[PDB]
Amino acid sequence: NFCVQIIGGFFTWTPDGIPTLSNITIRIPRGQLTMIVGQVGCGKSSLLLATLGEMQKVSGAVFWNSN
Ligand SMILES: Nc1ncnc2c1ncn2[C@@H]1O[C@H](COP(=O)(O)OP(=O)(O)OP(=O)(O)O)[C@@H](O)[C@H]1O
């Protein structure tokens, strides 16, 4: 199974409302070198923090797993 398994990905920073991100569905398996590119401020650092759990997720089905 993919280690980074995200279905909803409704990331947010404000504890009440204000979703910082939504509709994020990524399934990245282990040993998959995936470089991320994008525009300035287009949910890069926020996505990285949400991957480690540093960002509040409102509606997201995440099942973290390893080998
Ligand atoms: N912990 C946080 N709490 C609130 N807002 C945040 C937090 N972390 C990032 N943000 C903001 O949310 C947005 C997400 O942008 P993104 O994650 O792409 O930033 P970035 O990768 O640091 O951008 P840049 O290209 O400017 O370096 C930005 O406006 C950023 O300032």
# chains A, B, ... in the order shown; residues from 1 in each chain; ligands from 1

$ residues_near_ligand --ligand "ligand 1" --cutoff "12 Å" --atoms "only C-alpha atoms and all ligand atoms" --output "MDAnalysis selection string"
chainID A and resid 11:15 18:21 36:51 53:56

$ select_by_dssp --residues "chain A" --states "helix (DSSP H, G or I)" --output "PDB file with N, CA and C atoms, in the first residue's frame"
ATOM      1  N   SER A  45       4.299  24.409   1.209  1.00  0.00           N
ATOM      2  CA  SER A  45       4.701  24.214   2.598  1.00  0.00           C
ATOM      3  C   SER A  45       3.541  23.697   3.436  1.00  0.00           C
ATOM      4  N   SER A  46       2.327  24.182   3.163  1.00  0.00           N
ATOM      5  CA  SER A  46       1.157  23.684   3.876  1.00  0.00           C
ATOM      6  C   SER A  46       0.939  22.202   3.604  1.00  0.00           C
ATOM      7  N   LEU A  47       1.099  21.779   2.347  1.00  0.00           N
ATOM      8  CA  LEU A  47       0.976  20.362   2.023  1.00  0.00           C
ATOM      9  C   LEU A  47       2.056  19.542   2.716  1.00  0.00           C
ATOM     10  N   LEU A  48       3.289  20.054   2.744  1.00  0.00           N
ATOM     11  CA  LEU A  48       4.367  19.337   3.417  1.00  0.00           C
ATOM     12  C   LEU A  48       4.078  19.180   4.905  1.00  0.00           C
ATOM     13  N   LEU A  49       3.583  20.242   5.545  1.00  0.00           N
ATOM     14  CA  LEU A  49       3.238  20.162   6.961  1.00  0.00           C
ATOM     15  C   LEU A  49       2.083  19.196   7.197  1.00  0.00           C
ATOM     16  N   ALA A  50       1.072  19.222   6.324  1.00  0.00           N
ATOM     17  CA  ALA A  50      -0.056  18.309   6.467  1.00  0.00           C
ATOM     18  C   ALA A  50       0.367  16.860   6.277  1.00  0.00           C
ATOM     19  N   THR A  51       1.386  16.618   5.449  1.00  0.00           N
ATOM     20  CA  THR A  51       1.876  15.256   5.263  1.00  0.00           C
ATOM     21  C   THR A  51       2.418  14.686   6.567  1.00  0.00           C
ATOM     22  N   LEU A  52       3.153  15.495   7.326  1.00  0.00           N
ATOM     23  CA  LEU A  52       3.675  15.077   8.620  1.00  0.00           C
ATOM     24  C   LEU A  52       2.661  15.233   9.745  1.00  0.00           C
TER      25      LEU A  52
END

$ select_by_dssp --residues "region 4-60 of chain A" --states "strand (DSSP E)" --output "PyMOL selection string"
chain A and resi 4-6+11-12+26-28+56-57

$ write_last_selection --atoms "C-alpha atoms" --output "mmCIF file, in the first residue's frame"
data_model
loop_
_atom_site.group_PDB
_atom_site.id
_atom_site.type_symbol
_atom_site.label_atom_id
_atom_site.label_comp_id
_atom_site.auth_asym_id
_atom_site.auth_seq_id
_atom_site.Cartn_x
_atom_site.Cartn_y
_atom_site.Cartn_z
ATOM 1 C CA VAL A 4 1.274 8.595 1.727
ATOM 2 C CA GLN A 5 -2.387 7.629 1.289
ATOM 3 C CA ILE A 6 -4.627 10.710 1.127
ATOM 4 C CA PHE A 11 -6.115 20.679 5.083
ATOM 5 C CA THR A 12 -6.617 23.787 7.203
ATOM 6 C CA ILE A 26 -2.614 11.358 -3.581
ATOM 7 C CA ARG A 27 -1.368 7.783 -3.112
ATOM 8 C CA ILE A 28 2.447 7.729 -3.198
ATOM 9 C CA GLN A 56 -5.350 20.361 10.560
ATOM 10 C CA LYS A 57 -7.280 18.163 8.119
#

$ residues_around --residues "residue 65 (chain A)" --least-positions-apart "2" --cutoff "8 Å" --atoms "only C-alpha atoms" --output "ChimeraX atom specification"
/A:1-4,63,67

$ write_last_selection --atoms "N, CA and C atoms" --output "compact mmCIF listing (two decimals), in the first residue's frame"
# COMPACT_ATOMS: atom_id res chain seq x y z
N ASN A 1 0.83 -1.20 0.00
CA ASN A 1 0.00 0.00 0.00
C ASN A 1 0.86 1.26 0.00
N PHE A 2 0.29 2.36 -0.46
CA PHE A 2 1.02 3.62 -0.51
C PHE A 2 1.21 4.17 0.90
N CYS A 3 2.45 4.58 1.20
CA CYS A 3 2.73 5.16 2.51
C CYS A 3 1.99 6.47 2.71
N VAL A 4 1.99 7.32 1.69
CA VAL A 4 1.27 8.59 1.73
C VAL A 4 -0.06 8.35 1.03
N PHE A 63 -4.57 6.95 5.74
CA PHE A 63 -4.18 5.70 6.39
C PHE A 63 -2.68 5.53 6.19
N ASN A 67 6.59 -0.21 5.52
CA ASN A 67 6.95 -1.59 5.22
C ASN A 67 7.46 -2.31 6.46

$ closest_residue --among "A:25, A:8, A:30, A:35" --to "residue 58 (chain A)" --atoms "only C-alpha atoms"
A:8

$ decode --residues "region 7-53 of chain A" --atoms "N, CA and C atoms" --output "CSV table (one decimal), in the first residue's frame"
chain,number,residue,atom,x,y,z
A,7,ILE,N,-7.0,10.8,0.7
A,7,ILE,CA,-8.3,10.7,0.0
A,7,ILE,C,-8.9,12.1,-0.1
A,8,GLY,N,-9.3,12.7,1.0
A,8,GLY,CA,-9.9,14.0,1.0
A,8,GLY,C,-8.9,15.1,1.0
A,9,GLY,N,-8.0,15.1,2.0
A,9,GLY,CA,-7.0,16.2,2.1
A,9,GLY,C,-7.5,17.6,2.2
A,10,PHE,N,-8.5,17.7,3.1
A,10,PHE,CA,-9.1,19.1,3.3
A,10,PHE,C,-8.3,19.7,4.5
A,11,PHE,N,-7.0,20.1,4.1
A,11,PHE,CA,-6.1,20.7,5.1
A,11,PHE,C,-6.6,22.1,5.5
A,12,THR,N,-6.3,22.5,6.7
A,12,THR,CA,-6.6,23.8,7.2
A,12,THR,C,-5.6,24.2,8.3
A,13,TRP,N,-5.5,25.5,8.5
A,13,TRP,CA,-4.7,26.1,9.6
A,13,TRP,C,-5.5,26.7,10.7
A,14,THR,N,-6.5,27.4,10.4
A,14,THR,CA,-7.4,28.0,11.4
A,14,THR,C,-8.1,26.8,12.1
A,15,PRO,N,-8.1,26.8,13.5
A,15,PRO,CA,-8.8,25.7,14.2
A,15,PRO,C,-10.3,25.6,13.8
A,16,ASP,N,-11.0,26.7,13.6
A,16,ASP,CA,-12.4,26.8,13.3
A,16,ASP,C,-12.5,27.3,11.9
A,17,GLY,N,-12.8,26.5,10.9
A,17,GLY,CA,-13.1,26.9,9.5
A,17,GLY,C,-11.8,27.3,8.8
A,18,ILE,N,-12.0,28.0,7.7
A,18,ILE,CA,-10.9,28.5,6.8
A,18,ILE,C,-10.1,27.4,6.4
A,19,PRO,N,-10.6,26.5,5.5
A,19,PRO,CA,-9.8,25.4,5.0
A,19,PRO,C,-8.7,25.9,4.1
A,20,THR,N,-7.4,25.6,4.5
A,20,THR,CA,-6.3,26.0,3.7
A,20,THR,C,-6.2,25.2,2.4
A,21,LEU,N,-6.7,24.0,2.3
A,21,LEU,CA,-6.7,23.1,1.1
A,21,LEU,C,-7.9,22.2,1.2
A,22,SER,N,-8.2,21.6,0.0
A,22,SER,CA,-9.2,20.7,-0.1
A,22,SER,C,-9.1,19.9,-1.4
A,23,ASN,N,-9.8,18.7,-1.5
A,23,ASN,CA,-9.8,17.9,-2.7
A,23,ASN,C,-8.4,17.4,-3.0
A,24,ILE,N,-7.7,16.9,-2.0
A,24,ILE,CA,-6.3,16.4,-2.2
A,24,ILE,C,-6.4,14.9,-2.1
A,25,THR,N,-6.1,14.2,-3.2
A,25,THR,CA,-6.2,12.7,-3.3
A,25,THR,C,-4.9,12.2,-3.9
A,26,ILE,N,-3.9,11.8,-3.1
A,26,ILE,CA,-2.6,11.4,-3.6
A,26,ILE,C,-2.3,10.1,-2.9
A,27,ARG,N,-1.8,9.1,-3.6
A,27,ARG,CA,-1.4,7.8,-3.1
A,27,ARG,C,0.0,7.5,-3.6
A,28,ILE,N,1.0,7.9,-2.8
A,28,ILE,CA,2.4,7.7,-3.2
A,28,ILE,C,3.0,6.5,-2.5
A,29,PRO,N,3.4,5.5,-3.2
A,29,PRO,CA,4.0,4.3,-2.6
A,29,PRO,C,5.4,4.5,-2.1
A,30,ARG,N,5.9,3.6,-1.3
A,30,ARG,CA,7.3,3.7,-0.8
A,30,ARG,C,8.3,3.6,-2.0
A,31,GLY,N,9.4,4.2,-1.8
A,31,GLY,CA,10.5,4.2,-2.8
A,31,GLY,C,10.1,4.8,-4.1
A,32,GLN,N,9.3,5.9,-4.0
A,32,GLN,CA,8.9,6.7,-5.2
A,32,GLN,C,9.3,8.1,-5.1
A,33,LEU,N,10.5,8.4,-5.7
A,33,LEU,CA,11.0,9.8,-5.7
A,33,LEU,C,10.1,10.7,-6.4
A,34,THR,N,9.4,11.5,-5.7
A,34,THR,CA,8.4,12.4,-6.3
A,34,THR,C,8.8,13.9,-6.0
A,35,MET,N,9.3,14.6,-6.9
A,35,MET,CA,9.6,16.0,-6.7
A,35,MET,C,8.3,16.9,-7.0
A,36,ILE,N,8.1,17.9,-6.1
A,36,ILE,CA,6.9,18.7,-6.2
A,36,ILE,C,7.3,20.1,-6.7
A,37,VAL,N,6.6,20.6,-7.7
A,37,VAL,CA,6.8,21.9,-8.2
A,37,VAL,C,5.5,22.7,-8.3
A,38,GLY,N,5.5,24.0,-8.3
A,38,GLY,CA,4.3,24.8,-8.4
A,38,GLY,C,4.6,26.2,-8.2
A,39,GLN,N,3.6,27.0,-8.2
A,39,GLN,CA,3.7,28.5,-8.1
A,39,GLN,C,3.9,28.9,-6.6
A,40,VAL,N,4.3,30.1,-6.4
A,40,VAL,CA,4.7,30.7,-5.1
A,40,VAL,C,3.4,30.7,-4.2
A,41,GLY,N,3.5,30.0,-3.1
A,41,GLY,CA,2.4,30.0,-2.1
A,41,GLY,C,1.2,29.2,-2.5
A,42,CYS,N,1.3,28.3,-3.5
A,42,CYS,CA,0.2,27.5,-3.9
A,42,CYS,C,0.2,26.1,-3.2
A,43,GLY,N,0.1,26.2,-1.9
A,43,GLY,CA,-0.1,25.1,-1.0
A,43,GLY,C,1.1,24.0,-1.1
A,44,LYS,N,2.3,24.5,-1.0
A,44,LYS,CA,3.5,23.7,-1.0
A,44,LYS,C,3.9,23.4,0.5
A,45,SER,N,4.3,24.4,1.2
A,45,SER,CA,4.7,24.2,2.6
A,45,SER,C,3.5,23.7,3.4
A,46,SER,N,2.3,24.2,3.2
A,46,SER,CA,1.2,23.7,3.9
A,46,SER,C,0.9,22.2,3.6
A,47,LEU,N,1.1,21.8,2.3
A,47,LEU,CA,1.0,20.4,2.0
A,47,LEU,C,2.1,19.5,2.7
A,48,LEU,N,3.3,20.1,2.7
A,48,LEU,CA,4.4,19.3,3.4
A,48,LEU,C,4.1,19.2,4.9
A,49,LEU,N,3.6,20.2,5.5
A,49,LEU,CA,3.2,20.2,7.0
A,49,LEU,C,2.1,19.2,7.2
A,50,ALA,N,1.1,19.2,6.3
A,50,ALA,CA,-0.1,18.3,6.5
A,50,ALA,C,0.4,16.9,6.3
A,51,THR,N,1.4,16.6,5.4
A,51,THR,CA,1.9,15.3,5.3
A,51,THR,C,2.4,14.7,6.6
A,52,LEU,N,3.2,15.5,7.3
A,52,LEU,CA,3.7,15.1,8.6
A,52,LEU,C,2.7,15.2,9.7
A,53,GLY,N,1.5,15.8,9.5
A,53,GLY,CA,0.5,16.0,10.5
A,53,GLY,C,0.5,17.3,11.2
